[PDB]
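Enquirer: The structure follows.
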Amino acid sequence: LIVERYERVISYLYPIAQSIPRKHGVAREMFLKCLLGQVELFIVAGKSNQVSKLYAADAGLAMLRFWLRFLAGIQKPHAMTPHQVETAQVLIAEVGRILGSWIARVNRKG
Amino acid sequence: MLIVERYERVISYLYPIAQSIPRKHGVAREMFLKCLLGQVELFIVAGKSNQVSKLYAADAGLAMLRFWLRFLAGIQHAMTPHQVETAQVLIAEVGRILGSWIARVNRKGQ
Amino acid sequence: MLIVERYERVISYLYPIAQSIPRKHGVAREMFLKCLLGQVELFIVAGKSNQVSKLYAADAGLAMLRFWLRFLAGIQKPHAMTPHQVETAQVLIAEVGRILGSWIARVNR
Amino acid sequence: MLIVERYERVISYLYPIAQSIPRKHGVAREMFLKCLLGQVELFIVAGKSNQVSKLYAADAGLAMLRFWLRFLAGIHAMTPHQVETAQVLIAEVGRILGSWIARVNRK
Amino acid sequence: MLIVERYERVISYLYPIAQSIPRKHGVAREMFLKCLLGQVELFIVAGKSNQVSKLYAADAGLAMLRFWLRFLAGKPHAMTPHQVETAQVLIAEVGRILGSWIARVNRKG
């Protein structure tokens, strides 16, 4: 589920990562690793019983958002527009709301 | 530990297909290769341990490899649907063994 | 995310310079870049968490970034950074380290 | 570190072979090299430590080194003579690691 | 933190040498560079943190670094014994400062 919702984010952001110039090869690779790697953080938290793993998935999402701010506003030329950021932020916040509940459900079963 | 040998079968099928992925998706292709081959290590470490957590970590690795199939299929084209189906069989075969091994250390943890 | 906003200032000053580092120092250039950017995750991890140990690791990160500056201003065949760029960056990093100071304070509570 | 010195024989024999793998197998060639050379660290770390987990870790690394050989065979890129030789050298290392672990497990 | 300054000499001596290793040994070159420069973080992280385990990691790091020299000495022809001899002495100077550092937190504890 969370992975299904998150594939929407990958579907959106992946072509944008692809577009990024080779001039920014290293930032771009780190972005891609952050973006695809996030599935592994969800899967791992799924196949385990530690909240620390969901907390890690969470950091993963916050880091992906940083990447949007980087591509939008630090990288020259910029690789995203205010509205592309916004669209991505929306896709991500959905996943983050699911995650927030998941974490709450688990911390309730203390 | 026929599970490593069933898994070497997944490798034999998937590797030359991954190797043929175009450099246009160079980073996805490398992350995939790394996931594909580094999996063995999850299986090694699991068998030379006593903790179910390392069986789960192995399972996560398999679930991640299936994500890579969905991801690579829906690209543009990196895997023919026949290739996806086929690799799914091989992976499923490894997984049922892993399922039992897992449910076995949980029927033993009682 | 205030400390991160401040740190983005360090990034926007240092990223184009890092990126401009001649390819002959390709390995170092990459490690630099990974340290500079990865550092945001050190703050986020600390942020999405309680433990001071995580705020300490974000402080080591900065300490490692400062090493990269000293190293890059020093190296040769070819050069990589000027002592003036290093000096400018430290001004940006020190502000981030002061905010990190206030934040470690508030937490060690 | 009797084990590192023995392992160095493994590196000596295996590293040139690793090198001459065509760039076609770029990623696998590099992960292999990294396993081969990274193994020394696994040994060093277990030595500058008490935890047995560092030793099993080192054992895992040897298991994985064994997989790379099976892999470079079925790929042409490694003669079965080479596998034969290399497996012996690794067995030699694995021997020493075997003892070392047992001696740490006896209390 | 005279330890980092003492290590920077090791870096000074060794970096140019690492750099002039041919691309023929490209993968080994980089692991060597990663261990070499990477070591600074090991020391830096040790300092911020009381755990002896971090000091052992650093020692393990220095140990790994000495391994690289033997490996590059005989890549068949890529580091002269003299060069190795000279690096040994500079690392040894770091070795002493760590050995003391490690051994004092074993008195303190």
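Note on naming: chains are A, B, ... as they come in the structure tokens, residues start from 1 per chain, ligands start from 1 in the order shown.
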If we count only C-alpha atoms and set the cut-off at 7 Å, which residues sit around segment 94-101 of chain A, ignoring sequence neighbours fewer than 5 positions away in its own chain? Please answer as a list in words.
Expert: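 The residues that qualify are residues 2, 5 and 6 of chain A.
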Enquirer: Would you kindly return, as a list in words, each protein, DNA or RNA residue with an atom no farther than 10 Å from any atom of residue 14 of chain D, considering only C-alpha atoms and excluding same-chain residues fewer than 6 positions away?
Expert: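 Close residues of residue 14 of chain D: residues 8, 33, 36, 37, 69, 82, 83, 85, 86 and 89 of chain D.
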Enquirer: Measure the distance from atom CA of residue 44 of chain A to atom CA of residue 103 of chain A in Å and round it to one decimal.
Expert: 14.1 Å
Enquirer: Taking only C-alpha atoms into account, which of E:108, E:96, E:24, E:6 comes nearest residue 59 of chain E?
Expert: E:96
Enquirer: Considering only C-alpha atoms, can you say which of D:53, D:99, D:105, D:39 comes closest to chain B?
Expert: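 Of D:53, D:99, D:105, D:39, the one nearest chain B is D:53, counting only C-alpha atoms.
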Enquirer: Please, what distance in Å, to one decimal, runs between atom CA of residue 20 of chain C and atom CA of residue 27 of chain B?
Expert: 22.2 Å
